[PDB]
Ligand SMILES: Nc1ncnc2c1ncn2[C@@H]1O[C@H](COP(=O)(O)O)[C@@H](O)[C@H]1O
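This document opens with one chain alone, in structure tokens, the form deposited without the ligand.
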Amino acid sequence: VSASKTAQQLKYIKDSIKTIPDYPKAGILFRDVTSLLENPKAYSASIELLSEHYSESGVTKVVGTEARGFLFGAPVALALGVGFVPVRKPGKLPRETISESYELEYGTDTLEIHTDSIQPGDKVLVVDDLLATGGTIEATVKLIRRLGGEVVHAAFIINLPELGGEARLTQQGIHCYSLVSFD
């Protein structure tokens, strides 16, 4: 596709995301991916661009974190013809799990994954809506690699590179692909 037509599609996706001022607090801008979800053309385009980007990568599994990550991961898995494996806050997955901690602003939290859902060999794509500090993604990577899965790719709708996520993931050997970014 011509750079003209690719730019028009990427712009249509970016213009579909709303910017909310002073949310969650004063002096913070919040990029709301829900306006993208309600526009079938923008939502379907975002899934196409993500899935196509990895169509030759030999991905065997897609992992997305709860909750907004499920919105992009699971359609990407469907588009690639591969299973989808959720990573969840603790006590939600019923079968045997492993766990990893991560930092929040005011405390720590954990993510879990089903131990039976990743096995040695698997080539795992991580998908999430937004890359900010990268802490949940760094935890997820650890989870996947502990179960013997290989992960070198993470994909997002939005990157906020100033929050350091992309730079942190790079340190773990993760290449990040984001449809759009903001300052």
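All residue numbers are counted from 1 along the displayed sequence.
Omitted here: the form solved in complex with the ligand. The next part is about that form.
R68 is the sole member of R68, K123, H53, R146 with a non-hydrogen atom lying within 4.5 angstroms of the ligand in the deposited bound form. Here is the short version: of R31, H153, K142, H114, the single residue with a heavy atom within 4.5 Å of the ligand in the deposited bound form is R31. Taking the partner from elsewhere, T133 is found to have a heavy atom lying within 4.5 Å of the ligand in the deposited bound form. Remark: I13 does not count among the residues lining the ligand in the deposited bound form, judged by a heavy atom distance of 4.5 Å or less.
The ligand is not shown here, but in the deposited bound form it comes within 4.5 Å of a heavy atom of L160. Only one segment in the set 115-123, 134-142, 42-50, 55-63 has any non-hydrogen atom within 4.5 angstroms of the ligand in the deposited bound form, and it is 134-142.
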